[PDB]
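Visitor: Here this note's numbering runs 28 ahead of the position in the sequence shown, where the first position is 1. By construction, the Cβ of each residue, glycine as well, lies at the ideal position given by its N, Cα and C atoms.
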Amino acid sequence: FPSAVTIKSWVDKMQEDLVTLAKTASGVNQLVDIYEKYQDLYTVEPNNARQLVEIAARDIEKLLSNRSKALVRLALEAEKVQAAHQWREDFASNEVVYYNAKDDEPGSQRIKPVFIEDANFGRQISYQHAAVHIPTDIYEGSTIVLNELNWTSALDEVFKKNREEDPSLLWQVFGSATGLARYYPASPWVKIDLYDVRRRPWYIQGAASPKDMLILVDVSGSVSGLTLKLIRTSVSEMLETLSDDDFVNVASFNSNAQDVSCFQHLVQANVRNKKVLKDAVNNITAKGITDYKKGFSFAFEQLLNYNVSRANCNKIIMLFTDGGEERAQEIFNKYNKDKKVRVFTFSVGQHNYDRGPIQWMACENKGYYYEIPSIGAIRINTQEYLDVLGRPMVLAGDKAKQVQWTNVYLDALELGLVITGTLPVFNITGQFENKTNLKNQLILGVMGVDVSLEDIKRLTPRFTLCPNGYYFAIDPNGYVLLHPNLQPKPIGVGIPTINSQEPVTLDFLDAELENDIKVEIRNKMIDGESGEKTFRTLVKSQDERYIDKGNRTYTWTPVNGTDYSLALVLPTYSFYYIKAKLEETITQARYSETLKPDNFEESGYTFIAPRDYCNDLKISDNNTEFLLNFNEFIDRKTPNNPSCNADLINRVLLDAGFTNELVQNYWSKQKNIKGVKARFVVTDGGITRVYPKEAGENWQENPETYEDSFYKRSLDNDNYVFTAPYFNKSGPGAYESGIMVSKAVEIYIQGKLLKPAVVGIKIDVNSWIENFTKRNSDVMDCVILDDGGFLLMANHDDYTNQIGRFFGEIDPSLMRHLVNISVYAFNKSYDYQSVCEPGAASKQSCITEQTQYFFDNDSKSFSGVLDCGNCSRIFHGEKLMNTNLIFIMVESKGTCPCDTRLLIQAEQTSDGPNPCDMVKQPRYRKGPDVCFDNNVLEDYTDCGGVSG
Ligand SMILES: *[C@@H]1O[C@H](CO)[C@@H](O[C@@H]2O[C@H](CO)[C@@H](O[C@@H]3O[C@H](CO)[C@@H](O[C@@H]4O[C@H](CO)[C@@H](O)[C@H](O)[C@H]4NC(C)=O)[C@H](O)[C@H]3NC(C)=O)[C@H](O)[C@H]2NC(C)=O)[C@H](O)[C@H]1NC(C)=O
Ligand SMILES: *[C@@H]1O[C@H](CO)[C@@H](O[C@@H]2O[C@H](CO)[C@@H](O[C@@H]3O[C@H](CO)[C@@H](O)[C@H](O)[C@H]3NC(C)=O)[C@H](O)[C@H]2NC(C)=O)[C@H](O)[C@H]1NC(C)=O
Ligand SMILES: *[C@@H]1O[C@H](CO)[C@@H](O[C@@H]2O[C@H](CO)[C@@H](O)[C@H](O)[C@H]2NC(C)=O)[C@H](O)[C@H]1NC(C)=O
Ligand SMILES: *[C@@H]1O[C@H](CO)[C@@H](O[C@@H]2O[C@H](CO)[C@@H](O)[C@H](O)[C@H]2NC(C)=O)[C@H](O)[C@H]1NC(C)=O
Ligand SMILES: *[C@@H]1O[C@H](CO)[C@@H](O[C@@H]2O[C@H](CO)[C@@H](O)[C@H](O)[C@H]2NC(C)=O)[C@H](O)[C@H]1NC(C)=O
Ligand SMILES: *[C@@H]1O[C@H](CO)[C@@H](O)[C@H](O)[C@H]1NC(C)=O
Ligand SMILES: *[C@@H]1O[C@H](CO)[C@@H](O)[C@H](O)[C@H]1NC(C)=O
Ligand SMILES: [Ca+2]
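(1) Exposed or buried, which one is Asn465 when buried takes at least 16 other CB atoms within 10 Å?
(2) Just grab the DSSP bridge partners of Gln936 for me.
(3) If I'm right that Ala77 touches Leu594 with Cβ under 8 Å, what's the distance once you round it to whole angstroms?
(4) Please specify which runs of the alpha helix (DSSP H), each continuous and at least 4 residues long, are wholly inside the segment 444 to 510, giving them in chain order.
(5) Three-state secondary structure (DSSP) at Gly836?
(6) Starting from the C-beta of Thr583, find all residues in its chain whose C-beta is less than 6 Å away, skip the five residues before and the five after it, and write them out in chain order.
(7) Using three-state DSSP, classify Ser593 as helix, strand or coil.
(8) I believe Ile406 touches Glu265 by the beta-carbon criterion, under 8 Å. Please report the beta-carbon distance rounded to the nearest angstrom.
(9) Spatial neighbours of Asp535 within its chain, please: C-beta separation below 8 Å, excluding the five flanking residues on both sides.
(10) Between which two residues does the beta strand (DSSP E) carrying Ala608 extend?
(11) What's the call for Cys899, buried or exposed, on a 16-neighbour Cβ count within 10 Å?
(12) In chain order, what residues have a CB nearer than 5 Å to some heavy atom of ligand 5?
(13) Pairing CB atoms from the segment 159 to 176 with CB atoms from the segment 379 to 399, are three or more of them under 8 Å?
(14) Please report the residue range of the alpha helix (DSSP H) in which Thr255 lies.
(15) Using the rule of at least 16 other Cβ atoms within 10 Å of the residue's Cβ for burial, across every protein chain shown, is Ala822 buried or exposed?
(16) Using the beta-carbon of each residue, find all residues closer than 6 Å to any heavy atom of ligand 8 and list them in chain order.
(17) Would you identify the three-state DSSP class for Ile317, choosing helix, strand or coil?
(18) Flag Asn756 as yes when its Cβ comes closer than 7 Å to any non-hydrogen atom of ligand 7, and as no otherwise.
(19) With a cut-off of 7 Å, give the chain-ordered residues whose Cβ is closer than this to any heavy atom of ligand 3.
(20) What residues in its chain sit with their C-beta under 6 Å from that of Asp744, if we drop five residues either side in the sequence?
(21) Starting from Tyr70, trace the alpha helix (DSSP H) both ways and give me its first and last residue.
(22) Using only the alpha-carbon positions, how far apart do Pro420 and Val245 sit?
(23) I need the DSSP call for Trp433, collapsed to helix, strand or coil.
(24) Quick test of your reading: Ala684 and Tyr619, contact by CB under 8 Å. State the CB separation rounded to the nearest angstrom.
(25) Going by beta-carbon coordinates alone, are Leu510 and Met346 separated by less than 8 Å?
(26) Locate the alpha helix (DSSP H) running through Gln861, then write down its first and last residues.
(27) Is DSSP giving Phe143 helix, strand or coil here?
(28) Quick test of the definition: if touching needs 3 or more C-beta pairs under 8 Å, does the segment 702 to 721 touch the segment 775 to 792?
(29) Measure how close the beta-carbons of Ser375 and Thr349 come, nearest whole angstrom, since I'm counting them as under 8 Å.
(30) Could you round the C-beta distance between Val160 and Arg210 to whole angstroms and report it? I think they count as a contact, below 8 Å.
(31) Can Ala182 be considered in contact with ligand 2, in the sense that its beta carbon sits closer than 7 Å to one or more heavy atoms?
(32) Is any heavy atom of ligand 2 found at a distance shorter than 7 Å from the C-beta of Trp115?
(33) Please work out which residues of its chain come closer than 6 Å, Cβ to Cβ, to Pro504, disregarding the five sequence neighbours upstream and downstream, and give them in chain order.
(34) Quick one: what does DSSP say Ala279 is sitting in, helix, strand or coil?
(35) Does the beta-carbon of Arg300 have 16 or more other beta-carbons within 10 angstroms, so that it is buried, or is it exposed?
(36) Below 8 Å CB to CB, which residues in the same chain sit around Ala279 once its five sequence neighbours on both sides are set aside?
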């Protein structure tokens with residue numbers, strides 16, 4: 029074991045060699061000088077967040093205002109047209125003409141459309157008319173459906189008017205209480221089809237107000253058998269009808285009432301809680317004697333908690349029995365004396381018990397009685413309770429017409445992530461003279477208009493700011509409407525164990541790394557108020573392997589019209605951006621004919637960022653086709669560009685010109701360098717250049733500058749950054765490309781700190797380990813790790829074979845000791861939008877736990893002794909200056925024959941966090957302030973038992 033002085037000398041020598049090699053081959057100062065000398069082809073412009081966030085908020089508000097105007101127009105026309113209807117009972121000669129979707133009966137005709145291919149949709153559409161979807165188990169050609177089709181045939185004119193007034197308009201849909209949906213533009217529908225309009229989240233949120241559902245399940249002996257599996261399926265289907273604004277709990281009684289799970293009070297009824305409740309209700313067994321009084325007392329006591337967050341709206345008890353003999357007048361009289369709580373009752377299964385008390389309990393408490401004798405009746409009967417809850421909303425009048433917006437969800441017609449604006453439609457036939465009032469207390473249906481998240485993203489440009497900043501909008505529930513980490517895939521729950529109809533609800537604290545200041549900012553945004561806050565965060569890298577600490581500023585404002593709150597995340601060194609200023613065509617050409625694909629042998633292989641410069645250029649991500657399209661467009665277009673913004677074009681041409689001088693004047697002079705296998709440069713303008721042509725196909729980086737992990741990692745740091753290659757044959761790069769090293773250039777025009785681009789090289793691994801040797805020493809091992817504990821240097825030539833691997837996966841004994849002595853800190857997180865292989869009980873959605881390691885303390889020297897039992901191994905470690913590299917030595921693994929379980933840093937599937945103790949102290953949220961219930965003029969004189 030050598031002393032500390034010699035090891036410090038070796039570390040200093042090799043770190044100076046590496047820094048000098050990188051500074052010379054990359055040419056950081058040469059590019060800095062190139063950027064510094066011109067100062068005339070461009071200018072420096074501020075990035076003042078306070079007006080940027082407000083401008084983006086105003087744009088989002090205007091978009092939502094257009095959508096709300098269209099919704100109001102559609103609702104008004106639908107009400108007016110349905111008011112003047114005749115209800116004809118025959119359709120023999122008066123045929124109904126409509127285009128039925130999902131097609132390749134007497135009473136109606138069929139339309140054959142043209143179906144031209146059109147953009148903004150991933151399918152073939154027709155603007156000539158509207159398509160109609162009728163669920164499979166609903167017969168088209170009956171009197172109800174034919175009358176509905178006839179009176180809804182008049183909505184196509186308003187669909188066309190809305191589309192003409194705003195071409196950038198997606199689906200417009202009328203969802204009927206009959207069951208059909210008429211949507212525009214007409215498209216063919218997407219095995220068997222189980223789509224039902226009345227089960228959709230937008231229809232459900234528009235059909236009533238939030239609720240406080242409580243489900244009583246009878247688990248006595250008489251429900252054993254098929255009337256128990258039907259009860260379980262019905263409870264699951266009814267839980268499927270709730271949302272994040274509704275609060276639910278499930279209780280079961282057999283001579284004694286108790287909660288079926290760990291909750292013990294109403295919960296937010298989100299994905300995790302609903303999954304827990306479904307799992308709990310799947311585990312109930314039937315035994316005992318029914319006692320309605322105890323179960324109803326439990327249910328009534330559960331709705332008077334008020335110590336927990338609730339909806340403070342519709343309070344309903346949803347009883348699931350077969351048939352009893354007790355009416356329990358005392359419990360109903362005692363608890364809801366004034367009938368402030370509704371009681372819906374369900375009789376499940378095929379049996380011969382008495383249904384009288386069930387119907388009486390439904391009728392005496394503003395409720396409704398339903399019969400579910402088979403599986404086929406489960407879906408319809410578990411969604412009809414929204415008709416009863418909608419009576420106070422229709423009786424409210426025009427005050428109960430407010431455009432609401434759903435959570436982010438995947439469109440049924442394969443359009444991506446969308447939100448839906450919603451407006452209910454009322455039945456007002458005979459309300460001109462105000463005489464019917466009998467069936468006019470139910471809604472006709474729901475208006476819907478879809479807004480894709482790409483439309484919202486188009487209103488928040490990000491190319492005028494560094495790849496680190498971004499925008500994000502937050503729901504008053506804490507979910508993110510817009511975020512870089514949000515993905516177009518359903519969020520996972522638990523672990524998929526087997527023998528996308530849910531909303532994509534991702535919380536703000538789950539999209540990025542949580543912090544004590546993140547919670548404060550999120551709470552300040554949820555209630556709604558402008559503000560700004562600068563602080564120092566620890567940020568995860570684009571690839572989930574690194575964490576680095578950097579300064580950030582969050583500037584947030586509320587959107588006026590809606591309840592979303594929009595915030596901009598902007599780091600330092602990005603308050604100023606380079607804006608190209610040039611109107612001379614000669615320099616534009618001298619820059620443009622640099623990017624010729626057949627002229628890369630001397631200019632290096634060039635990659636273009638597939639940015640949407642304008643509509644004429646269509647991205648392809650091949651970057652060979654796209655580069656040819658780009659330079660053909662540049663060489664074949666006049667600079668007028670009627671609908672093609674040149675600011676991106678100006679920036680990319682200016683950066684191409686800068687890179688041309690960087691490559692020709694400096695890189696070309698030294699064609700070959702010993703310890704270099706590739707030299708690369710990436711810029712914010714949207715290009716990268718790799719000098720070796722043979723390294724062009726080994727450049728496994730995304731062409732877009734803003735999506736490169738190493739770019740942002742180098743921006744955050746102020747020193748050279750190493751990147752460990754991926755492990756276990758993920759292609760080329762382990763031995764044939766080398767270790768990638770990057771460094772970001774800093775520019776001072778008027779003293780402002782600017783980072784327009786990054787440079788870097790790829791050290792040849794063979795020459796680098798050869799310089800390291802000056803090998804196979806069985807006495808001691810000497811390795812180099814990066815910030816993250818990934819292997820970069822080895823000594824035994826077997827570890828060298830497996831490079832770019834986590835240190836703990838091969839030598840956990842010393843990795844755990846390093847973590848213990850606080851030389852590496854680590855943080856874990858949950859990824860909910862991940863797919864994985866299932867397990868014993870294709871790939872499915874799951875929650876995966878991720879771990880990331882980073883430097884703990886600012887100290888640079890460490891030494892100590894590891895006691896692994898019956899041995900004692902001394903170890904030393906020094907962090908290389910002006911980089912993120914550490915050199916550590918210890919005795920060989922053979923000296924002490926101990927090997928504990930290996931420390932894995934990877935995508936570990938899990939199911940955390942536990943929701944039983946998560947609901948004890950829930951996150952802050954704000955609920956809607958509009959509640960419609962207990963209207964005095966409610967009829968409520970009809971249940972499901974009097975008619976049947
Ligand atoms: C909006 O509300 C209005 C009223 O507020 C509503 O208009 C009413 O529609 C019903 C149809 O459901 C009309 O009922 C008429 O009278 C009976 C009752 O259904 C029908 O005769 C048979 O009734 C049995 C039910 O026992 C039924 O099974 C059978 O199919 C019916 N027909 C037969 C046997 O041939 C009449 O056919 C029916 N229609 C007539 C007489 O033209 C009410 O008269 C309507 N009320 C008013 C004031 O117009 C309207 O439907 C609601 N909107 C929507 C979208 O439903
Ligand atoms: C529900 O279905 C009804 C029958 O299919 C539709 O009623 C028909 O509408 C036609 C045009 O809208 C009418 O044609 C003309 O109507 C005017 C109105 O006063 C009159 O000049 C004549 O009745 C007629 N003119 C002619 C034949 O030259 C039909 O008379 C009328 N009734 C029928 C066919 O029995 C409804 O329009 C439809 N509802 C909706 C909302 O579309
Ligand atoms: C919370 O709910 C409980 C019952 O669910 C309410 O009742 C009190 O609970 C606390 C707990 O020790 C004690 O004060 C008494 O046992 C209960 N009665 C009274 C009169 O306090 C309680 O009031 C609710 N609110 C709070 C803040 O606990
Ligand atoms: C992420 O960063 C570190 C990872 O170890 C942890 O933060 C530390 O939390 C303790 C708890 O009291 C504090 O005393 C330290 O000062 C924190 N370190 C800092 C702020 O650098 C933790 O795992 C994560 N930090 C969070 C969740 O705030
Ligand atoms: C939302 O509306 C409020 C008020 O309606 C806007 O508040 C403005 O605030 C600035 C400075 O704080 C004032 O100079 C304006 O006069 C206020 N507006 C009005 C109408 O008085 C707020 O800016 C709006 N939100 C956004 C994002 O613009
Ligand atoms: C629609 O919204 C945009 C902002 O996104 C606004 O400029 C425009 O005036 C609105 N109306 C129409 C008809 O485009
Ligand atoms: C990837 O998994 C292990 C991890 O080191 C590796 O040894 C193995 O060779 C790789 N899998 C295959 C099929 O080669
Ligand atoms: Ca019983």
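Guide: Per the coordinate set shown:
(1) Result: exposed.
(2) Per DSSP, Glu877.
(3) With a beta-carbon spacing of about 11 Å, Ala77 and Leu594 fall beyond the 8 Å limit used to define contacts.
(4) Runs of the alpha helix (DSSP H) inside the segment 444 to 510: 481 to 485.
(5) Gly836: helix per DSSP, three-state reduction.
(6) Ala77, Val81, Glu560, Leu596.
(7) DSSP places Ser593 in the strand class (E or B) of the three-state scheme.
(8) About 5 Å separates the CB atoms of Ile406 and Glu265; that is less than 8 Å, so the two are in contact.
(9) If you ignore the 5 residues before and after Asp535, its C-beta comes within less than 8 Å of the C-beta of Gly506, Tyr507, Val508, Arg951, all in its own chain and listed in chain order.
(10) Unbroken beta strand (DSSP E) run through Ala608: 604 to 608.
(11) Classification for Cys899: exposed.
(12) Taken from the N-terminal end onward, the list reads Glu82, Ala85, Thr585, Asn588.
(13) Using a C-beta cut-off of 8 Å, the segment 159 to 176 makes no contact with the segment 379 to 399, since fewer than three inter-stretch Cβ pairs fall below that distance.
(14) Following the DSSP letters along the chain, one finds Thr255 inside the alpha helix (DSSP H) bounded by residues 254 to 267.
(15) By the neighbour-count rule (16 or more Cβ atoms within 10 Å), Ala822 is buried.
(16) My final list is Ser248, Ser250, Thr318.
(17) In the structure shown, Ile317 sits in coil (DSSP, three-state: anything other than H, G, I, E or B).
(18) Judged by the Cβ position, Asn756 qualifies as a neighbour of ligand 7 at the 7 Å threshold, a heavy atom of the ligand being closer than this.
(19) Those residues, listed in chain order, are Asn333, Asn335.
(20) Excluding five sequence positions before and after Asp744, the CB atoms of its chain that fall closer than 6 Å to its own CB belong to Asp576, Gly578, given in chain order.
(21) No alpha helix (DSSP H) contains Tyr70, which is instead part of the beta strand (DSSP E) from 70 to 74.
(22) So the alpha carbons of these two residues sit roughly 27 Å apart.
(23) When DSSP states are grouped into helix, strand and coil, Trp433 belongs to the strand group.
(24) Yes, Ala684 and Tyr619 are in contact; Cβ-Cβ is about 5 Å, under 8 Å.
(25) When the beta-carbon positions are compared, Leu510 and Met346 stay at least 8 Å from each other.
(26) In the DSSP assignment, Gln861 falls outside any alpha helix (DSSP H) and lies within the beta strand (DSSP E) extending over 852 to 864.
(27) Correct three-state label for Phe143: coil.
(28) Two segments are said to touch when three or more pairs of C-beta atoms, one from each, lie closer than 8 Å; by this definition the segment 702 to 721 touches the segment 775 to 792.
(29) Contact flag correct, Cβ pair sits at about 7 Å.
(30) The beta-carbon separation of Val160 and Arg210, rounded to 5 Å, stays under the 8 Å limit for a contact.
(31) Indeed, a heavy atom of ligand 2 lies less than 7 Å from the Cβ.
(32) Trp115: no, Cβ never under 7 Å from ligand 2.
(33) These residues qualify, in order along the chain: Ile554, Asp591, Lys954.
(34) Reduced to three states, the DSSP call for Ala279 is strand.
(35) Residue burial is scored here from C-beta neighbours: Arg300 has at least 16 other C-beta atoms within 10 angstroms and is therefore classed as buried.
(36) Contacts found: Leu242, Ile243, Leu244, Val245, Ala285, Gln286, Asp287, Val288, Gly323, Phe326, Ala327, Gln330.
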